[PDB]
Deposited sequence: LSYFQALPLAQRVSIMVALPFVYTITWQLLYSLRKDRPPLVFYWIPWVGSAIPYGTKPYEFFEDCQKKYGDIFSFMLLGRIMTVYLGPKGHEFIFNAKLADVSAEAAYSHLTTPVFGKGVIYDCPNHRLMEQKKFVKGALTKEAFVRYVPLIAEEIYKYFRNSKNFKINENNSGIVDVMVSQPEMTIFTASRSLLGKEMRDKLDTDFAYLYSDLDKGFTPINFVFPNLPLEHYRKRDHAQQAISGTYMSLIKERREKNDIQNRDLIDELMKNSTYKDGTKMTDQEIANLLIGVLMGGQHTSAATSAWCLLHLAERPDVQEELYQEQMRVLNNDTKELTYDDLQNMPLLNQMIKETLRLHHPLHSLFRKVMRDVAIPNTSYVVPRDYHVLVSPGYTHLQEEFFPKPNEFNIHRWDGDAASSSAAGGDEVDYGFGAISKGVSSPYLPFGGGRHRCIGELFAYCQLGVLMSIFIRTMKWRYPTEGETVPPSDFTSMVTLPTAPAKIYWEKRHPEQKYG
């Protein structure tokens, strides 16, 4: 190092920028000597790790890692080490892990707690979240869906009429960007049914911008830096307070009038948000919980109906097959749609089921390791402070589980023990290769709402329109895996025409 100082400046600079790369390469060579750790995927760039391949093609990244290291491998991701366990055995290891070994709230809270607010979901012990899930299910019964279906349909028909994306009472055909239309239709239908009429109407005012601001705070870049003094972090914090304050205001007005019925999720939480220990949720916490429930249905559902429309755009045979089922179940379109009719549209539901296979909206689910965990039938130990990463969406796309996994075939769906974590009996095992809604204690409680919402929506699209791509030979767009959910690359335009030009919608 006395030789170093004699070198020309450009060399001394080269050596000094090279030093971090040599140090991390050296540290990875020393790391591979531990046989009690999963293989660490090799990476060139200090700290960044494998962010680029993982962030842009996670399933292809996983597949190449699998061929080289097996089902269990670690990778460096923006200063954090993620341990992946691919396949059914991984579903079981992670989704069914013990509370003492891994924590979802420790992995997610710095991202969700500023968006939803304090005291609920991931800003509370797990046993409280189990009971919050039980409360919310009180508004997700069959009887609730019976009520929701005509409200969701009414919202969709208003949208067809009023939205500049359609204006369907004046145009017989059009081009629409499903990445514009579907997020909007999703928030209108979920508002009207879960928050009710008062809150749905506020979306016709400038209040709607607050939801947009709240959404902007909900990006994966908040996983790494949950708080910067940035403008859009400020707008997010304002929105959470303005929105939750508005829900509390509505909650209070209802309590004064005793206007507490069986209409929406606000009614349900006002009547049934008392924990087993006799304590109960505050209005601020009810409002924060409402924010989280709506947000959990927003991106997953909008992404999914966008993919349905796109896969059907290139399949007029499937559109026609679904249209035939619609005419059988709804008596040639003389019966108003009801929840029982959706339960009798098997092909419609297989179409949603198949879209969710091809496009799981959440490609990666995470838990933080809370104490060293041995991995059964390996020599690996995953140490405290790593993260484990489970990816059912990877298994959806695997030839071993689904022959010709990239083909959209709704007829592949032609056709154990239970455990109660506190929100109802669910499947005890999670070894299925197909888990669009997760499994174990953190499993989705919105699955039937999603089928209800998506089912009304696709039922009405099929009965009202035919559509295709605007250019011949165009196909399904590629996915963008960098956002909250995997969603199609925008814009994603389809050409539609009314099946009944004379029909007026409202």
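- Taking the first deposited residue as 1, the sole stretch without any C-alpha atom is 416-424.
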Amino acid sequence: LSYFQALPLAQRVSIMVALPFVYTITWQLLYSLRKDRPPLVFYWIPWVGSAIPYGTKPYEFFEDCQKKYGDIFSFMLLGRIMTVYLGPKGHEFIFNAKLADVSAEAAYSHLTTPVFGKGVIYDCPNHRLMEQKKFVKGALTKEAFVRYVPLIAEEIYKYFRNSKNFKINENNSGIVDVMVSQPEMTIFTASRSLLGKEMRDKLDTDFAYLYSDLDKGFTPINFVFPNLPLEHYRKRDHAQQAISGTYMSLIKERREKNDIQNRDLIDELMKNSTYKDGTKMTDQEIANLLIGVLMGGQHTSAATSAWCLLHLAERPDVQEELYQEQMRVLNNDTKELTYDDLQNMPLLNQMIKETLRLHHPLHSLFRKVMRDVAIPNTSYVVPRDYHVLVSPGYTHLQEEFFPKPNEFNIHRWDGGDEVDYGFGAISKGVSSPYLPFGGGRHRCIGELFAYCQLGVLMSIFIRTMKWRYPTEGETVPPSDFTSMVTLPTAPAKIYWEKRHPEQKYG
From here on, numbers count along this sequence of modelled residues.
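- Looking at 441-449 and 42-50 together, the entry lists the larger mean B-factor for 42-50, computed on C-alpha atoms.
- Here 98-106 and 212-220 are compared by their mean Cα B-factor, and 212-220 comes out higher.
- Among 202, 158, 359, 299, the highest C-alpha B-factor recorded in the PDB entry belongs to 202.
- Per-chain ranking of the deposited C-alpha B factor places residue 311 in the lowest third.
- Ranked by Cα temperature factor within the chain, residue 138 sits in the lowest third according to the deposited record.
- In the PDB entry, a CA B factor belonging to the highest third of its chain's modelled residues is recorded for residue 36.
- When the CA B factors of the chain's modelled residues are split into thirds, the value for residue 328 lands in the lowest one.
- Sort the modelled residues of the chain by CA B factor and residue 64 lands in the middle third.
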